[PDB]
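Residue numbers start from 1 in every chain, and the chains themselves are labelled A, B, ... in the order their sequence lines are given, proteins ahead of strands.
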Amino acid sequence: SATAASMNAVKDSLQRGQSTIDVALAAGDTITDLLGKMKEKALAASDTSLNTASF
Amino acid sequence: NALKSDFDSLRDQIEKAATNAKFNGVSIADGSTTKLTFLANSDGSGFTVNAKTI
(Lines give C-alpha, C1' and ligand atoms only; values in the text may rest on other atoms or scores of the structure.)
Protein backbone atom coordinates (compact mmCIF):
# COMPACT_ATOMS: atom_id res chain seq x y z
CA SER A 1 0.00 0.00 0.00
CA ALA A 2 2.91 2.40 0.54
CA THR A 3 4.28 1.57 -2.92
CA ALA A 4 0.78 2.13 -4.31
CA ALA A 5 0.30 5.43 -2.47
CA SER A 6 3.62 6.77 -3.76
CA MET A 7 2.24 7.22 -7.31
CA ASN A 8 0.45 10.57 -6.86
CA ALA A 9 3.78 12.38 -7.15
CA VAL A 10 4.34 10.58 -10.45
CA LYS A 11 0.91 11.69 -11.66
CA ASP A 12 1.20 15.38 -10.80
CA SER A 13 4.78 15.48 -12.14
CA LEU A 14 3.51 14.11 -15.45
CA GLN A 15 0.80 16.79 -15.44
CA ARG A 16 3.40 19.51 -14.86
CA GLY A 17 5.40 18.19 -17.80
CA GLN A 18 2.25 18.23 -19.92
CA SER A 19 1.62 21.87 -19.01
CA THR A 20 5.21 22.89 -19.75
CA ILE A 21 5.16 21.23 -23.15
CA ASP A 22 1.80 22.87 -23.92
CA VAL A 23 3.28 26.30 -23.22
CA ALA A 24 6.17 25.40 -25.51
CA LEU A 25 3.78 24.30 -28.27
CA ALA A 26 1.83 27.56 -28.08
CA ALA A 27 5.04 29.55 -28.37
CA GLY A 28 6.12 27.28 -31.22
CA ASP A 29 2.93 27.92 -33.17
CA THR A 30 3.58 31.64 -32.74
CA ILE A 31 7.19 31.36 -33.95
CA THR A 32 6.10 29.13 -36.85
CA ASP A 33 3.63 31.72 -38.13
CA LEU A 34 6.31 34.39 -37.66
CA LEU A 35 8.84 32.33 -39.65
CA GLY A 36 6.35 31.96 -42.49
CA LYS A 37 5.75 35.70 -42.49
CA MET A 38 9.50 36.30 -42.81
CA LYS A 39 9.53 33.73 -45.60
CA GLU A 40 7.09 35.89 -47.55
CA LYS A 41 8.86 39.11 -46.57
CA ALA A 42 12.37 38.06 -47.63
CA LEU A 43 10.86 36.60 -50.80
CA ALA A 44 9.17 39.91 -51.61
CA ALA A 45 12.47 41.71 -51.01
CA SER A 46 14.60 39.23 -52.99
CA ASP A 47 13.84 40.70 -56.42
CA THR A 48 16.11 43.31 -57.98
CA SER A 49 13.28 45.37 -59.53
CA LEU A 50 12.44 47.25 -56.32
CA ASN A 51 13.44 50.82 -55.55
CA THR A 52 15.51 51.43 -52.43
CA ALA A 53 12.69 52.73 -50.21
CA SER A 54 10.50 49.63 -50.55
CA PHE A 55 13.62 47.56 -49.90
CA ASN B 1 15.15 75.92 -92.52
CA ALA B 2 11.51 75.53 -91.49
CA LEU B 3 11.60 71.77 -92.09
CA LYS B 4 14.85 71.60 -90.12
CA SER B 5 13.21 73.41 -87.20
CA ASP B 6 10.23 71.03 -87.29
CA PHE B 7 12.59 68.04 -87.38
CA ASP B 8 14.65 69.24 -84.42
CA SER B 9 11.47 69.90 -82.44
CA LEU B 10 10.24 66.37 -83.16
CA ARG B 11 13.63 64.99 -82.09
CA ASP B 12 13.49 66.84 -78.77
CA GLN B 13 9.93 65.57 -78.33
CA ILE B 14 11.20 62.01 -78.82
CA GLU B 15 13.94 62.51 -76.26
CA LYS B 16 11.47 63.85 -73.70
CA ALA B 17 8.87 61.12 -74.31
CA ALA B 18 11.61 58.50 -73.93
CA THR B 19 13.17 60.03 -70.81
CA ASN B 20 9.82 60.41 -69.05
CA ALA B 21 8.79 56.73 -69.39
CA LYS B 22 9.26 55.67 -65.77
CA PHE B 23 7.17 53.69 -63.30
CA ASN B 24 8.08 53.79 -59.58
CA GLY B 25 11.53 55.15 -60.38
CA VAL B 26 12.51 52.27 -62.67
CA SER B 27 12.31 52.21 -66.46
CA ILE B 28 12.83 49.49 -69.06
CA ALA B 29 12.75 51.71 -72.17
CA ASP B 30 15.19 54.51 -71.22
CA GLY B 31 18.29 52.28 -71.25
CA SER B 32 19.10 52.94 -67.58
CA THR B 33 19.56 49.21 -66.89
CA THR B 34 20.45 46.16 -68.98
CA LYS B 35 17.45 44.10 -67.81
CA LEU B 36 14.72 43.78 -65.19
CA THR B 37 13.88 40.53 -63.40
CA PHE B 38 10.59 39.91 -61.60
CA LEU B 39 9.76 37.12 -59.17
CA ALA B 40 8.39 33.94 -60.72
CA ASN B 41 8.35 31.30 -57.97
CA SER B 42 8.51 30.86 -54.20
CA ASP B 43 12.13 29.64 -54.27
CA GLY B 44 13.31 32.97 -55.72
CA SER B 45 13.26 32.09 -59.42
CA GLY B 46 12.81 35.20 -61.54
CA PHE B 47 11.09 36.26 -64.76
CA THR B 48 13.87 37.83 -66.81
CA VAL B 49 12.74 40.51 -69.28
CA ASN B 50 15.51 42.23 -71.23
CA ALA B 51 15.50 46.01 -71.40
CA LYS B 52 14.91 47.53 -74.85
CA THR B 53 16.03 51.15 -75.24
CA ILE B 54 13.61 53.24 -77.32
Trainee: Would you say B:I28 and B:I54 are hydrophobically clustered, going by side-chain heavy atoms of ILVMFWY under 4.5 Å?
Mentor: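 No, no single cluster joins them.
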Trainee: With a 4.5 Å limit on heavy-atom distance, are the side chains of B:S42 and A:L43 in contact?
Mentor: yes
Trainee: Using a cut-off of under 4.5 Å on heavy-atom pairs, state which of B:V26, B:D43, B:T37 scores highest against chain A.
Mentor: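 The answer is B:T37.
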Trainee: Calculate, to the nearest 0.5 Å, the distance between atoms CG and OG belonging to B:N24 and A:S49 respectively.
Mentor: 9.0 Å
Trainee: Answer with side chain, backbone, both or neither: which region of A:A44 has an atom nearer than 4.5 Å to a non-hydrogen atom of chain B?
Mentor: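 Only the backbone of A:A44 comes within 4.5 Å of chain B.
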Trainee: Write down the atom of A:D47, the atom of B:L39, and the distance for their closest heavy-atom approach.
Mentor: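 It is CB-CG, 3.6 Å.
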Trainee: Do B:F47 and B:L36 sit in the same hydrophobic cluster, where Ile, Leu, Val, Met, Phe, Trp and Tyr count as joined when their side-chain heavy atoms come under 4.5 Å apart?
Mentor: yes
